[PDB]
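Shown next, in structure tokens, is the structure this report addresses.
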Amino acid sequence: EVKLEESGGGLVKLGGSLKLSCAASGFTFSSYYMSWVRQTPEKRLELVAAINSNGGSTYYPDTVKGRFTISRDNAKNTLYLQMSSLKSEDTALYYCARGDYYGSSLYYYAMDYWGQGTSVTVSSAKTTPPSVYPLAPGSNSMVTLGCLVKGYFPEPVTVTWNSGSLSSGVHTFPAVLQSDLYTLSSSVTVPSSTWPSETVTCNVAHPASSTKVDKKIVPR
Amino acid sequence: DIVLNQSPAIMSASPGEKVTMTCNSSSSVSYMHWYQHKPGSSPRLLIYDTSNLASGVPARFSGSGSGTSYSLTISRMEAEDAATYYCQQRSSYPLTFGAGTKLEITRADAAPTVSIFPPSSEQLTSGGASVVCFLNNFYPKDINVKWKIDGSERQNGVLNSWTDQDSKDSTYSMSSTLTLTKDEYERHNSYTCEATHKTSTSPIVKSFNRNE
Ligand SMILES: N[C@@H](Cc1cc(I)c(Oc2cc(I)c(O)c(I)c2)c(I)c1)C(=O)O
């Protein structure tokens with residue numbers, strides 16, 4: 001069972017630095033080429049760094065050369081990426097990925113296993129907690145309610161309904177960035193027999209500001 | 001960085017249907033890999049060196065190509081084949097990826113359920129006013145929303161967002177938020193969300209009156 005598990009992502013200002021780690025298990029780490037690949041917000045995939053079996057050779061595209069340093073400790077079965085002089089366009093999800101077996105006799109330059117990724121945001125925008133607003137109708141056997149999670153930074157937030165008890169009938173929409181702040185909404189549809197006769201509450205969390213809000217949806 | 005151009009950017013197929021997508025290169029490359037990527041998981045090596053299936057990959061997948069044009073084919077689509085597919089060239093450094101072909105599932109056309117919401121008292125208290133419209137569980141993905149205040153369309157200050165295709169019923173949903181000043185909000189009465197879609201001859205209209 002191959003496992004790659006990244007850590008270290010976070011929010012950093014323009015020109016800042018971050019150090020990413022990837023813990024490898026399930027295989028002979030020291031026998032494989034390893035790489036870092038990133039998924040951009042527009043879902044492009046970009047190689048950012050590769051390293052051979054020992055720490056001897058490394059490769060960087062010109063876009064990060066001189067800014068990023070990839071290393072590895074084969075004792076600790078650990079891959080590292082030191083990211084410096086960071087730029088807005090380094091914002092991405094960073095995957096740790098395994099390349100060729102050292103003695104393959106035929107290198108493919110393919111990534112046969114990828115970690116789940118660690119998330120990096122490079123921006124100078126100010127971290128801001130969300131305002132959480134209840135969405136109730138003005139005035140069907142079902143009723144749709146909502147929460148508007150507005151004016152926060154950075155991503156992500158999480159939204160649940162009735163502490164996770166309402167799972168079906170929920171749509172949490174991807175946040176939209178405008179002028180250095182994100183807005184996100186979430187809808188929940190429930191039987192009209194359950195609201196307003198019973199309580200419907202959206203539970204919003206924004207780790208990056210340590211904010212957690214429980215907003216009941218009050219009729220009228 | 002060799003540029004790879006995947007087509008189509010997005011496509012949909014019914015289960016059972018044959019699917020082909022292409023990766024065309026601005027330069028010659030000697031081999032091409034393909035990767036499968038689904039929301040909720042990380043990319044999966046699908047084909048390596050143009051036409052070899054990676055471990056675990058079903059024989060409905062095949063790859064071909066040479067020179068400047070390469071393709072991926074599913075002989076008979078399964079629902080679990082919904083994903084974004086990326087090609088990667090391995091003939092020049094840096095290794096580069098195409099932008100992805102998002103493969104969606106075709107289902108029956110479904111009209112949206114439309115709901116409109118006034119600003120909260122919480123938000124008005126702070127000096128702003130957002131009106132929200134949800135357009136839920138529709139198919140196909142293309143849809144248009146129009147905001148009208150007192151009968152006149154507003155196009156600026158509108159943020160829209162679509163969900164990914166639903167894993168259970170294969171529909172889409174979309175949310176639209178029109179943000180105003182409280183002062184402009186309190187100066188108008190009629191607020192309307194208007195939706196046009198393949199499934200309506202005229203727009204679906206939801207509205208509220210600030211005086212009610
Ligand atoms: N002159 C050197 C240049 C080079 C070194 C590395 I280190 C590298 O990074 C990888 C990434 C993967 I993924 C692999 O499977 C392998 I093998 C190497 C790449 I791209 C190019 C050469 O031509 O080898």
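Here, each number is a calculation from the coordinates, and none is a lab measurement. Please note: Cβ atoms are built from the backbone with ideal geometry, for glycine as well, and neighbour counts cover all protein chains shown.
Structure data summary
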{"quantity": "At q = 0.11, 0.23, 0.24 Å⁻¹, base-10 log of I(q)/I(0) for segment B:46-151 (Debye sum, equal scatterers on each alpha carbon)", "calculated": "-0.63, -1.30, -1.35"}
{"quantity": "Neighbourhood charge, 11 Å Cβ-Cβ cut-off, centred on A:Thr40 and excluding it, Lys, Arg +1 and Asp, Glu -1", "calculated": "-1"}
{"quantity": "Exposure proxy ranking, count of Cβ atoms within 10 Å, fewest first, for A:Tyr113, A:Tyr59", "calculated": "A:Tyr59, A:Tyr113"}
{"quantity": "Extent along principal axes [Cα atoms of segment A:98-146; Å; largest to smallest]", "calculated": "71, 40, 11"}
{"quantity": "Exposure proxy ranking, count of Cβ atoms within 10 Å, fewest first, for A:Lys150, A:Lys87", "calculated": "A:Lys87, A:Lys150"}
{"quantity": "Cβ-based charge dipole, the protein assembly as shown, positive-most Cα from B:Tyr191, A:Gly16, B:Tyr139", "calculated": "A:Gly16"}
{"quantity": "For B:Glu186, A:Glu46, order by how many other beta-carbon atoms lie within 10 Å, fewest first", "calculated": "B:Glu186, A:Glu46"}
{"quantity": "Selection of chymotrypsin sites (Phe, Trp or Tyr not before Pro), segment A:147-183, meeting DSSP coil and at most 13 other Cβ within 10 Å", "calculated": "none"}
{"quantity": "Taking N as its residue count, the alpha carbon Rg of the protein assembly as shown over 2.2 N^0.38 Å", "calculated": "1.10"}
{"quantity": "Contact order normalised by residue count of chain B, Cα under 8 Å, 6+ apart, percent", "calculated": "18 percent"}
{"quantity": "Estimated Rh, segment B:1-107: Kirkwood, alpha-carbon pairs, angstrom", "calculated": "13.6 Å"}
{"quantity": "Segment B:108-211 - Kirkwood radius from inverse mean 1/r over Cα pairs (Å)", "calculated": "14.2 Å"}
{"quantity": "Average projected area [Cα convex hull, segment A:91-175], square nanometres", "calculated": "10.4 nm²"}
{"quantity": "Projected-area average for segment A:1-124 over all orientations - Cα convex hull basis, square nanometres", "calculated": "7.2 nm²"}
{"quantity": "Test item: Cα-centred dipole of chain A, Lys/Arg +1 and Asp/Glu -1 on Cβ, debye", "calculated": "480 debye"}
{"quantity": "Electrostatic dipole magnitude of the protein assembly as shown [Cβ: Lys, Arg +1; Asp, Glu -1; Cα centre; debye, to 20]", "calculated": "340 debye"}
{"quantity": "Average beta-carbon neighbours from other chains, 10 Å sphere, peptide A:147-160", "calculated": "2"}
{"quantity": "10 Å Cβ neighbours from other chains, averaged over peptide B:113-119", "calculated": "6"}
{"quantity": "Over chain B - Rg/Rh using Cα atoms and the Kirkwood inverse-distance radius", "calculated": "1.13"}
{"quantity": "Per DSSP, loop GluC sites (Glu not before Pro) in segment B:39-126 with at most 10 further Cβ within 10 Å", "calculated": "none"}
{"quantity": "Column: log10 I(q)/I(0), Debye, Cα scatterers of chain A, q = 0.18 Å⁻¹", "calculated": "-1.15"}
{"quantity": "Taking all pairs of distinct alpha-carbon atoms in segment A:125-218, Kirkwood radius in angstrom", "calculated": "13.6 Å"}
